Amino acid sequence: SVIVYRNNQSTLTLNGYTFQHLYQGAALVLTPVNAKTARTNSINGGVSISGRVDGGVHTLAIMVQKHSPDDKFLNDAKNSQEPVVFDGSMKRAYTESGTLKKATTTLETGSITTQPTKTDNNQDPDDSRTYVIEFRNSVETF
Amino acid sequence: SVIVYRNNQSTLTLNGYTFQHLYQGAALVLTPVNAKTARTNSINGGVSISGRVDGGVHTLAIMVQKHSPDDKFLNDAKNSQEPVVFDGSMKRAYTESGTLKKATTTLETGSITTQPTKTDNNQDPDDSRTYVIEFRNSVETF
Amino acid sequence: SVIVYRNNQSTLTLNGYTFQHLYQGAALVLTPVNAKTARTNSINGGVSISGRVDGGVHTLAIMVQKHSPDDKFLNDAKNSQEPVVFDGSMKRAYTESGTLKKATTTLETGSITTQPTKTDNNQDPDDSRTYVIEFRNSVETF
Amino acid sequence: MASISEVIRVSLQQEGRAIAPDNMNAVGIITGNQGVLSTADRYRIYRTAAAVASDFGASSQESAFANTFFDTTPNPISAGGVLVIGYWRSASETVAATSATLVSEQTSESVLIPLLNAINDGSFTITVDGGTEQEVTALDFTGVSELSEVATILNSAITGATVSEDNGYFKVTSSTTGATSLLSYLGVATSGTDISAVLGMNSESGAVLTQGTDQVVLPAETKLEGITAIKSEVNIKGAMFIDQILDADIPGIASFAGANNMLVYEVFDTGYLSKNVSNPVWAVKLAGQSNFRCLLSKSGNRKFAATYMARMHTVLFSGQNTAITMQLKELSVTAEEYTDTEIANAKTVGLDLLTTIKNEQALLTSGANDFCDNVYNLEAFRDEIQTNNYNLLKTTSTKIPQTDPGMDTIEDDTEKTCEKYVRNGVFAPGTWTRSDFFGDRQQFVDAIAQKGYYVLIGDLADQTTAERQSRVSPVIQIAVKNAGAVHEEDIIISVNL
Amino acid sequence: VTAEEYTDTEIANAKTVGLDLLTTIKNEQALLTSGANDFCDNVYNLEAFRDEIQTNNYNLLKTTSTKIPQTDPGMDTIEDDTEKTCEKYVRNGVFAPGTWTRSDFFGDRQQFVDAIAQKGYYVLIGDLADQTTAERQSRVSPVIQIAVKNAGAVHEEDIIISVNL
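Residues numbered from 1 in each chain as written, not as in the entry; some residues may be left out. Chains lettered and ligands numbered in written order. Part of a larger assembly, values for the part shown. Heavy atoms only, no water.

Method-wise, the PDB entry is recorded as coming from cryo-EM, at a reported resolution of 3.6 Å.

Under the PDB entry, the name given to chain D is Tail sheath protein, and the source organism is Vibrio phage XM1. This structure appears in the PDB under the title "The Neck region of Phage XM1 (6-fold symmetry)".

Going by the annotation in the PDB entry, the name recorded for chain A is Tail tube protein, with Vibrio phage XM1 given as the source organism.

Written out as structure tokens, the structure is:
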């Protein structure tokens, strides 16, 4: 249908801190690690539907500037003595036809799960710190 | 043989709701997850033919607009407390030579099985929500 | 945010010896071998956060000139009777907006873990000795 | 000395309230006793024999039929159905003239109480039309927690008219009966703050106001054909009659059954055992009035209809395999004694027999008229197709277009229902025996042999603009094949020594 | 505290006029609440909720040391703060997902009821557009609208048992 967004990228904020230095070129990405329901399927038109406990478990890959307030926050999170839970939201504003709706996706208790692969070059500039915060519930609503 | 279709894409409808915001560029795709019959083959011209119980089990990958009535329906399906069964049909109209035939494929009890990998970019626009509803019986008839 | 670095590459020094013949074209690279925290996730909004013991374990791939003081140091390290521990730091200087900050990453007890794949050509020049010193703690701070 | 009975209230023998269902098996037993049901009181819905008797009396005929109905161990209620009782004016219907009656639409108790609580005074203008129009002001509702209280306050407020509360409805009835009018919809008094608007019985507000009739009325005795009224108000699907249906009415009621899309079970004594045209049941058979099921009882046991109606309709139409025949099903009435010749005659003239086999209840159906399983299954199928198509189209809140995608949607709705039925036990894939078809032989027989059903919808092209503006889709054509039900088995055994 | 002795009629009266009763059931302390006035659980939960929303919003805004702008990202931040608190409460036992009984709402029926039936709460923040410059210079965000649905608490159980013989 007809649709247009404000807010170029999904504005994002974890622990009441908003990410504002996002590496241009598809920084955020949400990946469902698992299915939403596994099934066992028996003879003659019979199946069994069971929503797994890993339903919303989503990994969020974030790309941030090599040394930025956003990378400072994520790094201080990474180096904490006790791994810091992450709660927050990814959301966009968008006007459906004329009506203004907001598409939000909560992010429950999550944590670091892959450190950035810290690469420094000389040929070419590279400021690409990619964290992956993988939560358990990522419910989009709209 | 000579053949021409009306209905550019296979018009599709699950749970009495018809998909009308299909991502252009091969949105729907039906994949047979398994064989139709496994066989054990013994000596001197002897085989045994056994149609499996997973015969029609087909995964249907759907590509829909990032925030569309179709994605709204699929998402509300995805986030239900109890995973919602999907029943419906994929079908096309087509005139064989002059006669008008309809090629239909039922889709029995199915469910979400891979969430869309929610990707948001800045370089380039990306509104590509790919769900995968994998049913158990997908019988084409014509 | 606004940011500019002095010190083209992250100036690096192990065992009080500084690497100064770095193969141009992304010589240093830090890779996190493991996660920062594994989790087990149970029903109805419950997870368990546990930071692994392999948290900072980072492999540092170094590319150095085929026969250089840097390769001499790394080689003499490689051929020692007793494998030589490596301690030191990777760090960059950089001015945030006007303020001059230093981004440092310690490297604790580490050692050789993949020898360079010594390749010598005739078609084309190749002076590419790639060592991989993989430490256990690699804490970036800034 | 406080009690449990205020925090954990435990009681016995409470009849669950029954509501008219969309279900196929909401069967009807039509009675001919004006003792409890009026023309207006055209029917009443039940789920327990106990309540049935407690309304009619355990000594009543209707009570006994209710028992015989409720004893069939597969009971229609077990499949989410209800029993109903209707009423047709067998005798001289005397209707005592009542008073003018006023009802509030607003059943909601919760919303009303706070508004009444806030208002200290009141104002209120009714007209019993018996003289001076009422001017009622001194209304207080502050001490009210329940609708009964505001009701009683109104009672003390209106002269010559008792008010009360029934199930969210506020009934106002003048004391006088016959040709006395309570026209006013509570109006407004200039002498206080109104309750009329919030009470929901304003002239603008929807409200039924049955003005008092002139005098007692005597509806003439209707015919059993007056059953038209019952389906007019209840949407039953299986009907009866306490009395025996007289022969001259048989074709009429049969045609009614065929047209109004329901079943009608009827019994006959051995006299109607013939292939003669004069015999009404054979007339039904030759006429194809397959919805008028004919039954046999040498005693003429009308109760045999009940346990019959109560045994066919127990089916859910959503489970895996639920389409039942009635060959040899347990019933709740004593079988009778027959000799062979009328067993065969009943088999070949459409009647059904409840007899003895190996000293057991044995119900045998026939195929002269269409099978009970077949007609009942088909009928539920057609009604269910109609209802799924209807609620796809007016309550789905996203009206489906004449887009070819939309036409495909309306095709899929009926295709999905046909799926529900093949995955139900009514239809099974198989070769198509008939010659007539639609679309084209190849797809028709292919789908029937594979899917057991075939839905082909007319193209938007083939529909003229004249009926397009009428907002009616093309005529969908669905073709089904029944699943075979084993009723007979014949086997021959030799002895190699 | 020692319970007292009451007869039935004032038990019912107290239930229907909002009082609470500490009485005897099966020779035990039994405290019964009422619903005439709003439930104790409901009012206390709501009150802690509102105060906690106020405080989380406050300390998001003056002690976080990174003052949040009227950037649409910042407005989204201030929306997420209250959304996160609402999460804390649905994952607490006060609010549960469910259908919305009331008629009044905000934003649009579809998203409202959808979120309540799924997430148990809905936070919709006014757009920066809808706020005049007069109050923008006042440094006050738009009026956020949050909608919650209580989790049902079992207080009564009524059950009827027949004897098939």
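Novice: Can you walk me through the overall build of chain D in this structure?
Specialist: Each helix and strand counted, chain D has 14 helices and 15 strands in total. Taking the principal axes of the C-alpha coordinates as reference, chain D spans close to 105 × 60 × 55 Å. By sequence separation, contacts in chain D at least 24 residues apart represent 71% of the contacts at least 6 residues apart. Carbon and sulfur atoms make up 52% of the accessible area of chain D, which amounts to about 24500 Å² in all. Where the 32 positive side-chain charges of chain D centre and where its 58 negative ones centre are 8 Å apart. (Helix = DSSP H or I, 4+ residues; strand = E, 2+ residues; numbered from the N terminus. Contact = heavy atoms within 4.5 Å. Areas by Shrake-Rupley, 256 points an atom, 1.4 Å probe, with all protein chains shown as cover. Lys, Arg positive; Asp, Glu negative; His and termini not counted. Charge placed at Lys NZ, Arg CZ, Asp CG, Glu CD.)

Novice: Any chance you could explain the layout of surface pockets here in plain terms?
Specialist: By rolling a water-sized probe across the atoms, one finds the places where empty space is left. Roughly 1200 Å³ of internal volume is contained in the largest pocket. Around the largest pocket, the lining comprises 41 residues; the ones closest to its centre are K15(E), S34(E), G35(E), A36(E) and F39(E). Counting only elements with at least two residues in the lining of the largest pocket, the list comes to α3 (109-118) of chain D together with α1 (8-17), β2 (29-32) and α2 (40-61) of chain E. A per-class count over the lining of the largest pocket returns 17 nonpolar, 14 polar and 10 charged. There is about 1100 Å³ of room inside the second largest pocket. (1 Å grid on protein atoms, 1.4 Å probe; cavity = no way out; pocket = protein on both sides within 12 Å on 5 of 7 lines; lining within 4 Å. Points joined across faces, edges and corners; volume = space filled by probe spheres on them. Nonpolar A, V, L, I, M, F, W, Y, C, P; charged D, E, K, R; others polar.)

Novice: Just checking my understanding: could you explain empty space enclosed by the protein for this structure?
Specialist: Under the defined criterion, the tally for this structure stands at 9 cavities of 30 Å³ or more. In this structure, the largest cavity encloses a volume near 140 Å³. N7(B), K102(B), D404(D), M407(D) and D459(D) are the residues nearest the centre of the largest cavity, which is lined by 14 residues in total. Sorting the residues of the lining of the largest cavity by element identifies β8 (86-95) of chain B together with α12 (404-422) of chain D as the ones contributing at least two each.

Novice: Just checking my understanding: could you explain the interface of chain D and chain E for this structure?
Specialist: Accessible area lost during the coming together of the parts is what is often quoted as the interface size. Taken together, the contacts link 13 residues of chain D with 17 residues of chain E. Interface of chain D and chain E: buried area, both sides summed, is about 1300 Å²; carbon and sulfur atoms make up 51% of it. One can count 1 salt bridge joining chain D with chain E. In this structure, the salt-bridge partner of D158(E) is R9(D), at a minimum N-O distance of 2.8 Å. For the pair chain D and chain E, the number of links is 2 residue pairs in polar contact. Residues belonging to the side of chain D that touches chain E are distributed by class as follows: 7 nonpolar, 4 polar and 2 charged. Note that strand β1 (residues 10-11) of chain D and strand β5 (residues 159-160) of chain E share 2 bridges and pair parallel. (Buried area = accessible area lost by both parts, 1.4 Å probe. Salt bridge = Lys/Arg side-chain N within 4 Å of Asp/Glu carboxyl O. Polar contact = N/O pair within 3.5 Å; in protein donor to acceptor, adjacent residues only side chain to side chain. Pairing = 2+ DSSP bridges.)

Novice: Where do I start with the arrangement of the chains in this structure?
Specialist: At their nearest point, the C-alpha atoms of chain C and chain D are still 30 Å apart, with no contact between the two. At the level of C-alpha atoms, the two units chain C and chain E stay apart, their nearest approach being 8 Å.

Novice: What should I look at first to understand the packing of helix α2 (residues 61-70) of chain D against helix α9 (residues 303-312) of chain D in this one?
Specialist: In a packed pair of helices, the relevant descriptors are the angle between the two axes and the axis-to-axis distance. Residue and element names in this part refer to chain D. Direction vectors running N to C along α2 and α9 enclose 40°, while the axes themselves pass 8 Å from each other. Taken together, the axes of α2 and α9 lie oblique to each other. The handedness of the crossing between α2 and α9 comes out as right-handed. Counted together, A64, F65, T68 and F69 of α2 and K303, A306, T307 and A310 of α9 form the full contact between these two elements. For the contact of α2 with α9, the per-class residue count stands at 5 nonpolar, 2 polar and 1 charged. (Axes fitted to C-alpha atoms, helices over the stretch in contact; angles between N-to-C directions. Parallel < 35°, antiparallel > 145°, perpendicular 65-115°, else oblique. Left-handed = near helix turned anticlockwise from the far one by under 90°.)

Novice: Which parts of the structure should I look at to understand the state of the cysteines?
Specialist: Defined simply, a disulfide is a covalent bond joining two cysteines at their sulfur atoms. Residue and element names in this part refer to chain D. The full count for this structure, using the stated rule, is 0 disulfides over all chains. Here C294 stays free of any disulfide, with the sulfur of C372 as its closest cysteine sulfur at 9.8 Å. We classify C294 as buried; its relative accessible area is 4%. (Disulfide = S-S within 2.5 Å. Buried < 20%, exposed > 50% of the residue type's maximum accessible area, 1.4 Å probe, protein only.)

Novice: What should I look at first to understand the environment of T141(C) in this one?
Specialist: All names here are of chain C. Here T141 is to be found in strand β11 (residues 140-141). Residues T141 and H21 lie 120 residues apart in sequence; the distance between their C-alpha atoms is 25 Å. If near-sequence neighbours (up to four positions away) are discounted, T141 is found in contact with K102, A103 and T104.

Novice: Just checking my understanding: could you explain the interface of chain C and chain A for this structure?
Specialist: Between chain C and chain A, the contact holds 40 residues from the first and 34 residues from the second. Carbon and sulfur atoms make up 47% of the surface buried where chain C meets chain A, a total of about 3100 Å² over both sides. Of all residues in chain C, the largest losses of buried area upon contact with chain A belong to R39(C), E140(C) and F142(C), amounting jointly to 21% of the total for that side. Taken together, the links from chain C to chain A amount to 2 salt bridges. Across the pair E140(C) and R129(A) runs a salt bridge, and its minimum N-O distance is 3.8 Å. There are 16 residue pairs in polar contact connecting chain C and chain A. Among the secondary structure elements, those contributing two or more residues to the side of chain C that touches chain A are β4 (29-32), β5 (38-42), β6 (46-50) and β8 (86-95) of chain C. Sort the elements by how many residues they give to the side of chain C that touches chain A and β4(C) lands first, with 4 residues. Of the residues belonging to the side of chain C that touches chain A, the class tally is 18 nonpolar, 17 polar and 5 charged.

Novice: Before we go on, may I ask you to explain the pattern of salt bridges in this structure?
Specialist: Side chains that carry opposite charge are capable of pairing whenever their charged atoms lie near each other. Scanning all chains against the criterion turns up 30 salt bridges over all chains. The salt bridge involving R382(D) is made with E379(D); its shortest N-O contact spans 3.3 Å. Of this pair, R382(D) and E379(D) both sit in helix α11 (residues 372-393), 3 residues apart, roughly one helical turn. Three or more residues are tied together by salt bridges with common partners; here these are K91(A), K102(A), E79(E), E83(E) and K119(E).

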